[PDB]
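Visitor: Residue numbers (the entry's author numbering), protein chains in the order written: chain BQ, 2 to 31, 33 to 118; chain BJ, 25 to 161; chain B2, 2 to 53; chain BS, 1 to 112; chain BR, 1 to 101.
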Amino acid sequence: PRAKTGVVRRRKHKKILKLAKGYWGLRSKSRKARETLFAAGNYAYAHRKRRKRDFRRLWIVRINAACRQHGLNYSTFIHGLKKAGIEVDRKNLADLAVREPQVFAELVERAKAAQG
Amino acid sequence: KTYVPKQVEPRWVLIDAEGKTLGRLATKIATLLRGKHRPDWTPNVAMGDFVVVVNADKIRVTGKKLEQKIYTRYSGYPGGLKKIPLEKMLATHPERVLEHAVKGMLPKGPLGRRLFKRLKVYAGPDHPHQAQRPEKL
Amino acid sequence: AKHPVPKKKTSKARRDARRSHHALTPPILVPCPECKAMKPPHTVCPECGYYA
Amino acid sequence: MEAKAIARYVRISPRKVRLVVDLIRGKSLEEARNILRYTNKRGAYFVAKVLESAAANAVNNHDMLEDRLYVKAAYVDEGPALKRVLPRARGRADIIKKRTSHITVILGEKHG
Amino acid sequence: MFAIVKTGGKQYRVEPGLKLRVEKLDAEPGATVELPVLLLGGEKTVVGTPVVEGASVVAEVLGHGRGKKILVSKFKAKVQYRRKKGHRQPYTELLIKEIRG
RNA sequence: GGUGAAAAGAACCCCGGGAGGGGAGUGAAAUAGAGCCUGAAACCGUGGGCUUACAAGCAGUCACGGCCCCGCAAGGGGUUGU
RNA sequence: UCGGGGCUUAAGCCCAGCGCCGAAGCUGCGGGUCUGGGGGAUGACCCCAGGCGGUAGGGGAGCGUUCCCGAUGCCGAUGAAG
Ligand SMILES: [Mg+2]
Ligand SMILES: [Mg+2]
Ligand SMILES: [Mg+2]
Ligand SMILES: [Mg+2]
Ligand SMILES: [Mg+2]
Ligand SMILES: [Mg+2]
Ligand SMILES: [Mg+2]
Ligand SMILES: [Mg+2]
Ligand SMILES: [Mg+2]
Ligand SMILES: [Mg+2]
Ligand SMILES: [Mg+2]
Ligand SMILES: [Mg+2]
Ligand SMILES: [Mg+2]
Ligand SMILES: [Mg+2]
Ligand SMILES: [Mg+2]
Ligand SMILES: [Mg+2]
Ligand SMILES: [Mg+2]
Ligand SMILES: [Mg+2]
Ligand SMILES: [Mg+2]
Ligand SMILES: [Mg+2]
Ligand SMILES: [Mg+2]
Ligand SMILES: [Mg+2]
Ligand SMILES: [Mg+2]
Ligand SMILES: [Mg+2]
Ligand SMILES: [Mg+2]
Ligand SMILES: [Mg+2]
Ligand SMILES: [Mg+2]
Ligand SMILES: [Mg+2]
């Protein structure tokens, strides 16, 4: 009994050419395809771990940029808040600052006060 | 999902350079250029103020700089070296010394350069008065 | 087959691009005094002949 | 309504007719005939011929009105090439692809 | 009115009535968990200590589910090592009912 | 190596020197039309959508945004500016 | 050319201090799998703790291809394979 290749490999190829859709020129036609997808994989997994630090950052700038209007460092604003005992500002949600600034401004004296 | 700015009108500014340590001055002018004192900051976007500087020619600079500090400008050719000392700069077109140092603190991309275009410099004052101008410091 | 040779297959892009100045422009035709016929200017053209 | 015409297996090279076809894409039929006529290229004498018949059917086959038909679309496709050998210096031998075309024009009545 | 509830590792601004998905919960197919975790309010609830004391927010487990699968795949070169993995993260769905702090 | 069940192998008209086509006709089917079942891939083309002429590139990835498309919306798809 | 811009009671050097930033480390929430402990007389499934970078290589469980029994069967023109 001889098992010719038949469908099998054609199918495994297609599978990838699919993933490789929209890639530049030849990378969407082959095994340059695969090589490309290979790296793509690693890039995302790596970038998914980055997307964290990505925002952490974006947020901070946003805050530091805010509480500098009330005259101070993210470096101390954040400090007060630790003293202030408030876990509230998960940096994510100090996008208060952008909308509903009152609560921020409040949050400010709050740590200002918390300071000394 | 984090907030995201929509289109906005660009705030302008005006600065007086006289007495300012050139670099220390550039730094701010930079941080203004990126919409980075605003709290709704956005990297990919370019909503920076429109910093306008005047009395550039007067920029203080510490140490022996004027004499000592050299400006390299490499033309394309054999021995295109071209070293220009800090004084000759101010002495002839001086706006540069400031320009030539914000461009420096601006990031590198197309955006960086979009920004370098917001910044407008004269030694004067007498900048094209237009509207905004909220002096700063 | 020898000394200088192409280092990489030029790409579909790069190829087609070089080709950008390849397109031809249509002839220059003008109606004649005689017929409603179409002529390249400054010619004579059959089925129409000419005077003088 | 379209009036198709295809002449296939023509012994001119694709890359080479494409040029002429490109000359008349979306032109008035009366216009084309004139262009194809005074264009300097072996290419036309084919695209002509195939264009001319495109019109014929348009007319003796679809009532369509000559005086108002235009080259809606036209194109040319590569048909199978004639490989020939070519004894080349120092013994090595090369093979020449004498390529081949399927020229196609399709007319439409203008408007209303 | 604003209120920042902290459910499942992470915290969310929350409104009178809005749908929001969160780190999976043990709740019924359609019951009511109160997010006893709450911080802030539409008028400075202000969370002096970590948690706000006499406060909370009601929500309805709309119905658990799972998400569009991700392809976590790894590849080290020169070294014949490739690893492809499917991983759809599960996510329980919330209709926010009572803002009532 | 392989039209189709059967040659029923396309009369006849039309453009063309022919080739080849367009109609007409046969057939269940003719993108089954004669190296004609199926007809993948590379490769060439035509039309459409998004995109691109101050810009630096293992060509992807992460994010936001604009446009186009499927859905009542929540959503998704395509594209790619930064 | 100190990565660069730029820096001079500093953005340098020494001494002391409080902050904050900062990895795929540690935490939190969710989920895999395997090993161990337990419930359970039991199988079952559930809970708790822990291990889970990897080339040469050892070990385990699977997926698909052709063929044979299951076929004098079953699906198939209301459409098999591809
Ligand atoms: Mg094989
Ligand atoms: Mg793309
Ligand atoms: Mg192309
Ligand atoms: Mg010779
Ligand atoms: Mg010989
Ligand atoms: Mg490598
Ligand atoms: Mg016969
Ligand atoms: Mg016929
Ligand atoms: Mg007759
Ligand atoms: Mg003859
Ligand atoms: Mg014949
Ligand atoms: Mg059929
Ligand atoms: Mg077919
Ligand atoms: Mg034939
Ligand atoms: Mg043939
Ligand atoms: Mg095909
Ligand atoms: Mg479209
Ligand atoms: Mg441009
Ligand atoms: Mg679209
Ligand atoms: Mg960890
Ligand atoms: Mg865990
Ligand atoms: Mg289980
Ligand atoms: Mg574990
Ligand atoms: Mg480990
Ligand atoms: Mg391992
Ligand atoms: Mg180990
Ligand atoms: Mg066999
Ligand atoms: Mg069917």
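Ideal placement from N, C-alpha and C gives every residue a C-beta, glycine not left out.
What are the boundary residues of the alpha helix (DSSP H) that residue 55 (chain BQ) is part of?
Guide: Looking at the DSSP string, the run of the alpha helix (DSSP H) that includes residue 55 (chain BQ) is 34-68.
Visitor: In three-state terms, what does DSSP make of residue 104 (chain BS)?
Guide: Reduced to three states, the DSSP call for residue 104 (chain BS) is strand.
Visitor: In the region 16-48 of chain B2, which residues sit with their C-beta less than 8 Å from some C-beta in chain BS, listed in chain order?
Guide: Those would be 23, 24, 25, 27, 28, 30, 39 and 41, in chain order.
Visitor: Quickly, what does DSSP pair residue 39 (chain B2) with across the bridge? List them, please.
Guide: Bridge partners of residue 39 (chain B2): 32 (chain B2).
Visitor: For residue 11 (chain BR), I'd like the list of residues in its chain whose CB is within less than 6 Å of its CB, leaving aside the five on either flank, ordered along the chain.
Guide: Closer than 6 Å at the Cβ level, and outside the excluded window around residue 11 (chain BR), lie 4.
Visitor: Out of 71 (chain BR), 59 (chain BR) and 50 (chain BR), point me to the one whose CA is closest to residue 43 (chain BQ)'s CA.
Guide: The shortest C-alpha separation from residue 43 (chain BQ) is found at 71 (chain BR).
Visitor: Between the Cα of residue 141 (chain BJ) and those of 149 (chain BJ), 107 (chain BJ), 126 (chain BJ) and 147 (chain BJ), spot the shortest distance and give me the residue it belongs to.
Guide: When each option's Cα is compared against that of residue 141 (chain BJ), the closest is 126 (chain BJ).
Visitor: Please report whether the beta-carbon of residue 23 (chain BS) lies at a distance below 8 Å from any beta-carbon of chain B2.
Guide: Yes, residue 23 (chain BS) counts as interfacial toward chain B2.
Visitor: For residue 60 (chain BJ), return the contacting residues in chain BQ, with the cut-off set at a CB-CB distance below 9 Å.
Guide: In chain order: 63 and 67.
Visitor: Relative to the C-alpha of residue 19 (chain BQ), which residue among 8 (chain BQ), 33 (chain BQ) and 107 (chain BQ) is closest?
Guide: Nearest of 8 (chain BQ), 33 (chain BQ) and 107 (chain BQ) to residue 19 (chain BQ), Cα basis: 33 (chain BQ).
Visitor: Measure the CB-CB distance between residue 57 (chain BJ) and residue 122 (chain BJ) and report whether it falls below 8 Å.
Guide: No, these two residues do not count as a Cβ contact at 8 Å.
Visitor: How would you label residue 66 (chain BQ), buried or exposed, when you count the other beta carbons within 10 angstroms and need 16 or more for buried?
Guide: Its Cβ being crowded by 16 or more others within 10 Å, residue 66 (chain BQ) is buried.
Visitor: So what's residue 104 (chain BJ) in DSSP terms, helix, strand or just coil?
Guide: Residue state, collapsed to three classes: coil.
Visitor: Quick check on residue 77 (chain BQ): does DSSP put it in helix, strand or coil?
Guide: Of the three classes helix, strand and coil, the one that applies to residue 77 (chain BQ) here is helix, per DSSP.
Visitor: Given residue 114 (chain BJ), which residues of its chain have a CB within under 7 Å of its CB, disregarding the five upstream and five downstream residues?
Guide: So the qualifying residues of the chain are 81 and 121.
Visitor: Beta-carbon within less than 8 Å of residue 41 (chain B2)'s beta-carbon, same chain only, minus the 5 sequence neighbours each way: which residues are those?
Guide: Correct list, in chain order: 28, 29, 30 and 31.
Visitor: Among the residues of its own chain, which have a CB less than 6 Å from the CB of residue 156 (chain BJ), if the five just before and after it don't count?
Guide: For residue 156 (chain BJ), where only same-chain residues beyond five positions count, the Cβ hits under 6 Å are 36.
Visitor: Classify residue 82 (chain BR) as helix, strand or coil using the three-state DSSP reduction.
Guide: Here residue 82 (chain BR) sits in strand by DSSP.
Visitor: Which residues in the same chain as residue 65 (chain BJ) place their Cβ atom closer than 7 Å to its Cβ, once the five residues preceding and following it in sequence are excluded?
Guide: Hits under 7 Å: 59.
Visitor: Looking at residue 83 (chain BJ): is its Cβ nearer than 8 Å to the Cβ of residue 135 (chain BJ)?
Guide: It is not a contact, given that the beta carbons lie outside the stated cut-off.
Visitor: Give a single yes or no on whether residue 89 (chain BS) has its beta carbon closer than 7 Å to a heavy atom of ligand 4.
Guide: True, at least one ligand heavy atom lies under 7 Å from that Cβ.
Visitor: Between residue 13 (chain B2) and ligand 3, is the CB less than 7 Å from at least one heavy atom?
Guide: Checking the Cβ of residue 13 (chain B2) against ligand 3 gives yes.
Visitor: Starting from the beta carbon of residue 61 (chain BS), find every residue of chain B2 whose beta carbon is closer than 9 Å, and list them in chain order.
Guide: By Cβ distance, chain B2 contributes nothing, its closest Cβ being about 28 Å from residue 61 (chain BS), past 9 Å.
Visitor: I'd like to confirm the pairing. Which residues does DSSP put opposite residue 84 (chain BJ) in its beta bridges?
Guide: According to DSSP, which records beta bridges pairwise, residue 84 (chain BJ) is partnered with 45 (chain BJ).
Visitor: Taking a cut of 8 Å between CB atoms, which residues from the region 30-64 of chain BJ lie near chain BQ?
Guide: Flagged, chain order: 60, 61, 62, 63 and 64.
Visitor: Hey, would you say residue 3 (chain BS) sits closer than 8 Å to residue 64 (chain BS), going by beta carbons?
Guide: Yes. Within cutoff.
Visitor: Anything in the region 39-62 of chain BQ with a Cβ closer than 7 Å to a Cβ of chain BR? List those residues in chain order, please.
Guide: Those residues of the region 39-62 of chain BQ that come within reach of chain BR (Cβ to Cβ, closer than 7 Å) are 40, 43, 44 and 47.
Visitor: Assuming residue 95 (chain BR) is part of the beta strand (DSSP E), what are its boundary residues?
Guide: Its beta strand (DSSP E) spans residues 91-96.
Visitor: Step through the CB atoms of chain BJ and report whether any lies within less than 8 Å of the CB of residue 97 (chain BQ).
Guide: Yes, residue 97 (chain BQ) lies at the interface with chain BJ (some Cβ there is under 8 Å from its Cβ).
Visitor: What does residue 50 (chain BR) touch in chain BQ if you count any residue whose Cβ is under 7 Å from its own?
Guide: Near residue 50 (chain BR) (Cβ distances below 7 Å), the residues of chain BQ are 87, 88 and 89.
Visitor: Any idea what DSSP makes of residue 66 (chain BS), helix, strand or coil?
Guide: Looking at residue 66 (chain BS) - three-state DSSP - the assignment turns out to be helix.
Visitor: If you draw a straight line from the C-alpha of residue 81 (chain BQ) to the C-alpha of residue 26 (chain BR), how long is it?
Guide: Answer to the nearest angstrom: the Cα atoms are 36 Å apart.
Visitor: Ligand 6 and residue 48 (chain BQ): does any heavy atom of the ligand fall closer than 7 Å to the residue's C-beta?
Guide: Because no heavy atom of ligand 6 lies under 7 Å away, the Cβ of residue 48 (chain BQ) does not count as near it: no.
Visitor: Between the region 83-99 of chain BR and the region 51-60 of chain BR, do at least 3 Cβ pairs fall closer than 8 Å?
Guide: Segments in contact, yes.
Visitor: Just the Cα atoms here: how many angstroms apart are residue 55 (chain BQ) and residue 67 (chain BJ)?
Guide: Distance between the alpha carbons of residue 55 (chain BQ) and residue 67 (chain BJ) is about 15 Å.
Visitor: Three or more beta-carbon pairs under 8 Å between the region 14-31 of chain BR and the region 80-89 of chain BS, yes or no?
Guide: In short, these stretches do not touch, since the Cβ pair count stays below three.
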